Number of protein chains: 2
Amino acid sequence: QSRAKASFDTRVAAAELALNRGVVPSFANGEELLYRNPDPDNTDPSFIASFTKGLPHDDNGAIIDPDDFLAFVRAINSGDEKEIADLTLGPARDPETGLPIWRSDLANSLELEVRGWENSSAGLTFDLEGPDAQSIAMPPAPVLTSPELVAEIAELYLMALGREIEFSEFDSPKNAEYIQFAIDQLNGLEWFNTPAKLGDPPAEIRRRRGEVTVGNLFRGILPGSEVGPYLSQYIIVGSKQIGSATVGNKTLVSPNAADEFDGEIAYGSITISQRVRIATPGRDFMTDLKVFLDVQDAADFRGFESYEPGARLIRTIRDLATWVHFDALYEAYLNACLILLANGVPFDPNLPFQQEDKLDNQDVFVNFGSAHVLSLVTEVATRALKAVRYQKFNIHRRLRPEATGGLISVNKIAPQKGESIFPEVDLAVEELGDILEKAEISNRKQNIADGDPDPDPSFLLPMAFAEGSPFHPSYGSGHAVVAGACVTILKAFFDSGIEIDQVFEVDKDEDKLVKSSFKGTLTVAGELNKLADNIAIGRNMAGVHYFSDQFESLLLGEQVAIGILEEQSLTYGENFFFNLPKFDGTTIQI
Amino acid sequence: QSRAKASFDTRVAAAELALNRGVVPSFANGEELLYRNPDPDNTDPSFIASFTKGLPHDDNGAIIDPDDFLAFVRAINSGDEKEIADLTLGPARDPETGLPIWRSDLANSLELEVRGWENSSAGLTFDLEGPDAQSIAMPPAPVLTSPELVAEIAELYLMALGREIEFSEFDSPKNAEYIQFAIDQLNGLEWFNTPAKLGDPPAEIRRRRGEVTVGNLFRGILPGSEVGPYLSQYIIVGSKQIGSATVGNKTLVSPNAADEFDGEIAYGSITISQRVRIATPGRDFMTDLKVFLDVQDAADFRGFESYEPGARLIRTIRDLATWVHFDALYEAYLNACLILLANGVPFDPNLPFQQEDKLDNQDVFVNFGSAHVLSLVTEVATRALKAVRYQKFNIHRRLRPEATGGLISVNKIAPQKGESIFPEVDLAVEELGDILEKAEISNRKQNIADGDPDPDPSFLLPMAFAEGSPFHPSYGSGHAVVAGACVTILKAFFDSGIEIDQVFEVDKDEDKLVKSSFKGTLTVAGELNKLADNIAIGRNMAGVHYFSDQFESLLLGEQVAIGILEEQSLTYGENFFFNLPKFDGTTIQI
Ligand code: VO4
Ligand code: VO4
Ligand SMILES: [O-][O-]
Ligand SMILES: [O-][O-]
Ligand SMILES: [O-][O-]
Ligand SMILES: [O-][O-]
Ligand SMILES: [Ca+2]
Ligand SMILES: [Ca+2]
């Protein structure tokens, strides 16, 4: 037949495959309308558990006008630029300067303008490849009164309090007091100590973590994420440098071969440095209620974070948070791909032409080679992003962990001032008492450093980011959906079962890589899963995402990648499949 | 309609749009079957102008068996893995060790195995997004007897002899002798001094370079690649580093802000160094006829290049060749995108939600934002690569410039030994006498450095790469097609008319960036065109591509990118278009 007609039929067949996968219906947790305004004569929803950032908020963290959120949801579902622009973003504005009146003196002195919702209708964007953004569903997010939300918030608060603690010293006596504290309180939560009961949602069973130990503290549940050092090799270690190739029987060593162990990736003929920008240690954000409310009212605090000179390999929790702050969409997984390519990590052996050219007479660059995987790992990211944007904006609209910390802080402060507000976070306040007292101490320290000599007692979740979370709902996670999708692409494309012989940790003292004490075996699949773990949890340690957001959007990204892979497989006439270890432990052939 | 049905309809609509663009028929130059075996009783084609690398070659650079090339073409068209594996790749093999007998002692002592054709059938791969690999045509490649081929190989010979000459010193007296020589020889070629005649093919007229000066020597013809310094800003300069953002009225400065002028791209929270690995200066490859013939017989010389320790900003021509040797598919253009995103270069103003958030209430990350452009610039590359693989393997199969230099060298050596061979490169030999004599001197020097105390006189095109070209035909260029596609994506997505206030050159003495002497204005569109120029002509500086390969592959990539953009525009409900300045000076709205 015609080549153009064959191309049309291949594209139509891929669309038919995407359509025949069906639409998994996306269910919210019902929090949007279940929580009501505390005012006895006001029956409108409070929307406290809903992502209400940017809409004008009262002094307690709830929005003044529930209609303001209703218009926001309508604009989400419609996608119209005029309806988005007609939304009220930020607080009341000064008639003279045109600038919004901020609650905090910091945002008023900066003359901060409002920041807008980041692609509130990207979930309505169609996808030429892979699953449609609305064809796949994440499960309902945990509700505020759920023990899962309490466990997630405890994890977030402990990460915020443990931001300056280095990953290589999780078991070290120096951090033993904070590590044992975190382990004790997490294991004091019925989410961690008590297993899932029969009849619980399957995703609830899947994402439930057991007893928290130092070996799995702040770690994911992906296979290989809990095995070995905390940080993935691909997030800290470099790669085989230019010149370290083998030419027949002669093995030439790169003159820059030490750059592999100095965290430098062979990025073509130039280098990607794995060293992260050093955010100011101990400097958290939105620890003051006025600044937090301004951020909830869309105060653009982007770029307000201060940084130490130079760059170091990720050592502290805050370093991982900084890494996931600015990462260029697929940058973690593009870097992992570059490491695997430079290290000569073989592609999936079921890919064609992977044998030595003595046998197949065919090198692989464009298809089943470096270029194919490099393009796939990067094209999967925007598709996963569209799906997660649909999940964030049109389905769940889950409030950010900063907003949950705001509700918890205002609830804990209410008895002190004689009031009683936000009973939905009462379980979180009660079960996180000790974590909340140390959070209050840390917030008092930060707010004294902020400029308030005698700051009000604040239990807000300390934010690694000055703007806090990105300006979209937390559930799901764009970073974690891209993590799932790109790691799925890499595990399918590369021989993910390949064992990593050299396992490196960041040195406990110096800014360098040392051979990890891990005496086990680390696979490529395990380390890619650990890298997805690292990015998603680093979103958690910034305070911008809950754990369940990360795990479920990682699954969503894996689904996006699988759909894309099945659709592109229709484009190759070669007899081949991707051996793809899924996050659930099974392998799919694509 | 249903959302799933709407997704299917959008994908099938993009497929109909791709189908309705039609198929531009792909014409070769007729060189494949026009040159015949000089043996009188043998009437089979010589296939000398055909890409015959890998197929066994005689002592003069032609293939022993035309049936070998015929089977290679049949395997190209079929794409069958078995037929590709059944192809005779490399020379005769030792029955004892199983290794092929190499003509050169270098490849025999290395026990070199064969290297396969890189995606000989990737042009048969269908594309779910954008134009089909076979729906777009690049014009016929110039023939060996054409003055265009003589000009191309002269430019390539001139680049090889000037690989150690720095871009910031093109007009410097110490290189004035080599630059004036190159200018005089190029302007002595009727391709450069004589303009295109009426009735010539329009692509020939469009790609014909006129009078060669110091300010346009070794430069492209894209708009903006001829004004300003040689190297694009994005190939050498860094970008705004993390911490240098503007927060309301306060302008925080990054503690690492000097990294922008040190050639350090803010790659999320980590950095990309623009410094390229220093290939061994004065070390060229395939200068000896035996090593060249082994490479023609698929000798795997990859990684055989040597490097000095460290990395430096691109100064010499060999540095650009090294940069394009290993660049990860979209690396130059992904780096340019990262620079434009870190620098805060505004997106296309016709993109939606690009106003301040006070007006539009919407940030752009997933759609019309950093993630969108990153994913687009990375996904256009593999589609352009498929199109160029079709052009390389199924249509043109143009011999590599190393193979052109082989024919030229054997033709020049034949009268010395009393014979005569390859009269099709007689025009190249006659018109390039001075360049060929300097190439003979340089090749003799390199072959003495290789290990031959008294090497045979060789006029081979010196190769920046030990394997020389990648194992596919030169026409078109994968790097140039990716450059065209990705730079088109960046010019469409970003406000490409934005002027770059700061223009940097690599310092004439130190490995650093100085303020360029350019008193004119440089735009983002011009600098992206210059970056595509830099990559394509760096492939020329390697000696692996001719100029026409580069320019026509850049046009093909621009077509790929435009088709992808049209097909993606159907996926967005926003009222927007990409303002896209083409390589022909016109602007398309997408
Ligand atoms: O959805 V989030 O990347 O803020 O990771
Ligand atoms: O086709 V070439 O990238 O060898 O640029
Ligand atoms: O091939 O590249
Ligand atoms: O990040 O969002
Ligand atoms: O948004 O990211
Ligand atoms: O490179 O091809
Ligand atoms: Ca192979
Ligand atoms: Ca905007």
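Note that each Cβ is placed from the backbone with ideal geometry, even for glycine, and that neighbours are counted across all protein chains shown. Every read-out reported here was derived from the displayed coordinates using simple, explicitly stated rules and does not represent laboratory data.
Can you tell which of A:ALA381, A:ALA403, A:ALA428 is away from every other protein chain (no Cβ under 14 Å), within 16 Å of ligand 1 (Cβ to nearest atom), under 24 Å from A:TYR475 (Cα atoms) and under 27 Å from the mean Cα position of the chain (by Cα)? Only one candidate qualifies: A:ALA403. Filtering A:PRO56, A:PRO25, A:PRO38 for residues that are in contact with a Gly (Cβ under 9 Å, 6 or more places away or on another chain), over 30 Å from B:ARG21 (Cβ atoms) and touching a residue at least 40 places away in the same chain (Cβ under 8 Å) leaves a single hit, A:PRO56. Only residues that are over 21 Å from A:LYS386 (Cβ atoms) and aliphatic (A, V, I, L, M) were counted in region B:558-585, giving 3.
Hey, does region A:486-501 have a residue that's of a type in the set (A, V, I, L, M) and within 15 Å of ligand 4 (Cβ to nearest atom)? Looking through region A:486-501, none of the residues is of a type in the set (A, V, I, L, M) and within 15 Å of ligand 4 (Cβ to nearest atom).
Of everything in region A:438-472 that is within 16 Å of ligand 4 (Cβ to nearest atom) and not aliphatic (A, V, I, L, M), the residue that is nearest to B:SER269 (Cα to Cα) is A:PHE465.
Among residues of region A:179-199 that are among the small types (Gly, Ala, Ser), those with a beta-carbon under 6 Å from a residue that is part of a loop (DSSP other than H, G, I, E, B) at least six positions away or on a different chain give the pairs A:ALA196/A:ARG208.
Taking the residues in region A:491-518 that are more than 16 Å from ligand 7 (Cβ to nearest atom) and within 14 Å of chain B (Cβ to nearest Cβ) as candidates, determine which candidate is farthest from A:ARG275 (Cα to Cα). Selected residue: A:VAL506.
Scanning region A:261-299 for residues that are within 14 Å of another protein chain (Cβ to nearest Cβ), in contact (Cβ under 8 Å) with a residue 60 or more places away in the chain and not aliphatic (A, V, I, L, M) turns up A:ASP262, A:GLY263, A:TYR267, A:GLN274, A:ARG275, A:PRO281, A:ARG283, A:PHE285, A:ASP294, A:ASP297.
If you go through region B:316-324 one residue at a time, do you hit one that is within 28 Å of B:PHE576 (Cα to Cα) and at the interface with chain A (Cβ under 10 Å from one of its Cβ atoms)? The answer is no, given that none of the residues of region B:316-324 is within 28 Å of B:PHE576 (Cα to Cα) and at the interface with chain A (Cβ under 10 Å from one of its Cβ atoms). Only residues that are within 13 Å of chain A (Cβ to nearest Cβ) and within 12 Å of ligand 2 (Cβ to nearest atom) were counted across region B:478-490, and they come to 4. Could you go through region B:350-358 and let me know if any residue there is assigned to a helix (DSSP H, G or I), more than 10 Å from every other protein chain (Cβ to nearest Cβ), of a type outside the set (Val, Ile, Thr) and touching a helix residue (DSSP H, G or I) at 6+ places or on another chain (Cβ under 9 Å). No: zero hits.
Could you please give the count of residues in region B:364-396 that are in contact with a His (Cβ under 9 Å, 6 or more places away or on another chain) and within 16 Å of ligand 4 (Cβ to nearest atom)? Residues flagged as in contact with a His (Cβ under 9 Å, 6 or more places away or on another chain) and within 16 Å of ligand 4 (Cβ to nearest atom) within region B:364-396 amount to 3. Of the residues making up region B:164-187, not a single one is of a type in the set (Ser, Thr, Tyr), more than 16 Å from ligand 7 (Cβ to nearest atom) and under 21 Å from the mean Cα position of the chain (by Cα). Within region B:448-492, the residues that satisfy the criterion of being farther than 22 Å from B:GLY162 by Cβ and within 16 Å of ligand 6 (Cβ to nearest atom) are B:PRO470, B:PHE471, B:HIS472, B:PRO473, B:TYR475, B:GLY476, B:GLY478, B:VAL481, B:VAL482, B:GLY484, B:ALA485, B:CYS486.
Number of residues in region A:359-374 that are part of a helix (DSSP H, G or I), within 8 Å of another protein chain (Cβ to nearest Cβ) and buried (at least 24 other Cβ atoms within 10 Å of the Cβ): the value is 3. Kindly evaluate A:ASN534 against the criterion of being in a helix (DSSP H, G or I), more than 16 Å from ligand 3 (Cβ to nearest atom), closer than 20 Å to A:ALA492 by Cα and more than 14 Å from chain B (Cβ to nearest Cβ). For A:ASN534, the condition - in a helix (DSSP H, G or I), more than 16 Å from ligand 3 (Cβ to nearest atom), closer than 20 Å to A:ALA492 by Cα and more than 14 Å from chain B (Cβ to nearest Cβ) - is not met. Filtering region B:309-330 to residues that are touching a residue at least 40 places away in the same chain (Cβ under 8 Å) and either part of a loop (DSSP other than H, G, I, E, B) or over 20 Å from the mean Cα position of the chain (by Cα) (or both) leaves B:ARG312, B:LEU313, B:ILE314, B:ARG315, B:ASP327, B:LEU329, B:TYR330. The set of residues from region B:163-185 being surrounded by fewer than 22 Cβ atoms within 10 Å (Cβ to Cβ) and either at positive phi or in a loop (DSSP other than H, G, I, E, B) (or both) comprises B:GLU164, B:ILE165, B:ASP171, B:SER172.
Against the list (1) touching a strand residue (DSSP E or B) at 6+ places or on another chain (Cβ under 9 Å); (2) within 14 Å of another protein chain (Cβ to nearest Cβ), the condition B:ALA257 fails is (1). Taken as a whole, the structure leaves A:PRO131 outside the set of residues that are away from ligand 7 (no atom under 16 Å from the Cβ) and out of contact with any helix residue (DSSP H, G or I) (no Cβ under 7 Å at 6 or more places or on another chain).
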